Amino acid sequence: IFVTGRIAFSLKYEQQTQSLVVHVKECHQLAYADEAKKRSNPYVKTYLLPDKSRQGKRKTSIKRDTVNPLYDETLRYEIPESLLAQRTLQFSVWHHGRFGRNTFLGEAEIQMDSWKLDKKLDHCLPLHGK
């Protein structure tokens, strides 16, 4: 698939709970996983690299038949702050398809070390292929 589009999200670090709060807002102009029928069924998944273990994983629900999914779903990583400065938060977007096959629709990252300084709230990143 030729990756297109963007992902919007916000990031906060709550001390009141010692956790990175990743709010996934929406993707725009995802590629069609099924070009025949013009269709994608997208969900977003996150890792705080390099933990690519399963419970290092977070994910939104799946939207059916859209390339502009609107999620507004919060994913949350409980994690003291010292260990965050080492990580990269990686979003990847997936088509949940026939027989449950999942097809890659694009990826984007943000390094926490530089983010940690001003902790800018809102972001919108273009997706990359692999």
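Residue numbers here begin at 1 and follow the sequence given.
Undergrad: Out of 97-105 and 33-41, which stretch has the higher average CA B-factor listed in the record?
TA: Stretch with the greater average CA B-factor: 33-41.
Undergrad: If you take the mean CA temperature factor per stretch, which one wins between 42-50 and 79-87?
TA: Stretch with the higher mean C-alpha B-factor: 79-87.
Undergrad: Whose CA atom has the top B-factor in the entry, of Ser92, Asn68, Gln55, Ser61?
TA: Spelled out: the listed residue with the top C-alpha B-factor is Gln55.
Undergrad: Please place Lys25 in the lowest, middle or highest third of its chain by C-alpha B factor as given in the entry.
TA: Answer is lowest: the recorded C-alpha B-factor places it there.
Undergrad: When the deposited Cα B-factors of this chain's modelled residues are ordered and cut into thirds, is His128 in the lowest, the middle or the highest one?
TA: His128: CA B-factor falls in the middle third of its chain.
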